[PDB]
Every structure is written in C-alpha cells, then in structure tokens.
Amino acid sequence: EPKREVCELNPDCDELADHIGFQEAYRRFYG
C-alpha cells in the first residue's frame with residue numbers, strides 16, 4: 001500500500017495518520 005508506506009516515512013504524516021488514518025494524512029501531504 002504505497003500511501004501507508006510513504007506516509008510512515010514522514011514523521012509529520014505518520015503523526016497525522018495516528019489521528020485520521022493514512023489515506024486522509026497522505027491526501028493532505030501528497031495531494
């Protein structure tokens with residue numbers, strides 16, 4: 001799952017994903 005893998009390897013994205021999930025985090029950072 002590209003988005004989870006990518007988001008995990010950005011501390012701010014991983015942090016955000018802890019609250020809102022990786023799809024929503026990835027979209028905020030890499031939209």
# chains A, B, ... in the order shown; residues from 1 in each chain; ligands from 1

call {"tool": "select_by_dssp", "arguments": {"residues": "chain A", "states": "helix (DSSP H, G or I)", "output": "list in words"}}
result
residues 2, 3, 4, 5, 6, 7, 8, 11, 12, 13, 14, 15, 16, 17, 18, 19, 20, 22, 23, 24, 25, 26, 27, 28, 29 and 30 of chain A

call {"tool": "write_last_selection", "arguments": {"atoms": "N, CA and C atoms", "output": "CSV table (one decimal), in the first residue's frame"}}
result
chain,number,residue,atom,x,y,z
A,2,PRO,N,1.0,1.9,-1.2
A,2,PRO,CA,2.0,2.9,-1.3
A,2,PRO,C,1.8,4.0,-0.3
A,3,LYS,N,0.6,4.5,-0.1
A,3,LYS,CA,0.3,5.6,0.7
A,3,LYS,C,0.6,5.4,2.2
A,4,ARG,N,0.4,4.2,2.7
A,4,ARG,CA,0.8,3.9,4.1
A,4,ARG,C,2.3,3.9,4.2
A,5,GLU,N,3.0,3.2,3.3
A,5,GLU,CA,4.5,3.1,3.3
A,5,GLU,C,5.1,4.5,3.2
A,6,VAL,N,4.6,5.4,2.3
A,6,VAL,CA,5.1,6.7,2.1
A,6,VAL,C,4.8,7.6,3.4
A,7,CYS,N,3.6,7.6,3.8
A,7,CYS,CA,3.2,8.4,5.0
A,7,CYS,C,4.0,8.0,6.2
A,8,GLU,N,4.2,6.7,6.4
A,8,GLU,CA,5.0,6.2,7.6
A,8,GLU,C,6.4,6.8,7.6
A,11,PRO,N,7.6,11.8,9.5
A,11,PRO,CA,7.1,11.9,10.9
A,11,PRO,C,5.9,12.7,11.1
A,12,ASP,N,5.8,13.8,10.4
A,12,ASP,CA,4.5,14.6,10.4
A,12,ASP,C,3.3,13.9,9.8
A,13,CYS,N,3.6,13.1,8.8
A,13,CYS,CA,2.5,12.4,8.1
A,13,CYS,C,2.0,11.3,9.0
A,14,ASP,N,3.0,10.5,9.5
A,14,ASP,CA,2.7,9.4,10.4
A,14,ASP,C,1.9,9.9,11.6
A,15,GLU,N,2.4,11.0,12.2
A,15,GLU,CA,1.7,11.6,13.4
A,15,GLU,C,0.3,11.9,13.0
A,16,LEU,N,0.0,12.6,11.9
A,16,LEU,CA,-1.3,12.9,11.5
A,16,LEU,C,-2.2,11.7,11.2
A,17,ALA,N,-1.6,10.7,10.6
A,17,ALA,CA,-2.2,9.4,10.3
A,17,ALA,C,-2.7,8.7,11.6
A,18,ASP,N,-2.0,8.9,12.7
A,18,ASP,CA,-2.4,8.3,14.0
A,18,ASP,C,-3.8,8.8,14.4
A,19,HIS,N,-4.2,10.0,14.0
A,19,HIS,CA,-5.4,10.6,14.4
A,19,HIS,C,-6.5,10.4,13.3
A,20,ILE,N,-6.1,10.4,12.0
A,20,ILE,CA,-7.1,10.5,10.9
A,20,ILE,C,-7.0,9.4,9.9
A,22,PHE,N,-4.2,6.8,7.4
A,22,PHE,CA,-3.2,7.1,6.4
A,22,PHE,C,-3.7,7.7,5.1
A,23,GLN,N,-4.9,7.3,4.6
A,23,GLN,CA,-5.5,7.9,3.4
A,23,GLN,C,-5.7,9.4,3.5
A,24,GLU,N,-6.3,9.8,4.6
A,24,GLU,CA,-6.6,11.2,4.9
A,24,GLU,C,-5.3,12.0,5.1
A,25,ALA,N,-4.3,11.4,5.8
A,25,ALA,CA,-3.0,12.0,6.0
A,25,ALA,C,-2.2,12.1,4.7
A,26,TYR,N,-2.1,11.0,4.0
A,26,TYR,CA,-1.4,11.0,2.7
A,26,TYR,C,-2.1,12.1,1.8
A,27,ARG,N,-3.4,12.2,1.8
A,27,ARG,CA,-4.0,13.1,0.8
A,27,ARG,C,-3.7,14.6,1.2
A,28,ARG,N,-3.6,14.9,2.5
A,28,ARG,CA,-3.3,16.2,2.9
A,28,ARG,C,-1.8,16.6,2.5
A,29,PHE,N,-0.9,15.7,2.7
A,29,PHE,CA,0.5,15.9,2.4
A,29,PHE,C,0.9,15.7,1.0
A,30,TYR,N,0.3,14.8,0.3
A,30,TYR,CA,0.7,14.5,-1.1
A,30,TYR,C,-0.4,14.6,-2.1
